[PDB]
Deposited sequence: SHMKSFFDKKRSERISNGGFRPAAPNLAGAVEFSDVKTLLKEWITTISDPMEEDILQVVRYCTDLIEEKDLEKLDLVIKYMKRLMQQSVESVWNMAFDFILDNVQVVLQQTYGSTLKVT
């Protein structure tokens, strides 16, 4: 069980809304990202890809405002981090979101 899989279990089927580890509301998502970035020193690729999926679910829902806030909040925490892996994780999230934006949405 990855970080978010364990958070999902302590939060039963998948909500239909964009969700990270079962969290739909923005403040719940925000607290999850905070705990992930500030307590984990070696993030799992599986958790990074669940963030990618949360982001492209927001695009599919046309919730570009919530996406903007989520990216910017993650950018702040991940680049405040002492560990260089979080900088790479943030780059990786942006890169993969843009592959989906470009190929699916023409952007």
{"query": "Missing CA stretches, deposited numbering from 1, N-terminus first", "finding": "1-3, 15-18, 115-119"}
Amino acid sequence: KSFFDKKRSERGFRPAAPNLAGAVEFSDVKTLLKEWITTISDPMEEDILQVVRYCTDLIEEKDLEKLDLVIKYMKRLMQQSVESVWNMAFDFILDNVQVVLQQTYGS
From here on, numbers count along this sequence of modelled residues.
property	result
Higher-scoring stretch by recorded Cα B factor average, 61-69 or 34-42	61-69
Of 45-53 and 77-85, the one with larger mean CA B-factor	77-85
Among modelled residues of the same chain, the CA temperature factor third for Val99	highest
Chain third (lowest, middle, highest) by recorded CA B-factor, residue given as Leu20	lowest
Chain thirds of CA B-factor: placement of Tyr105	highest
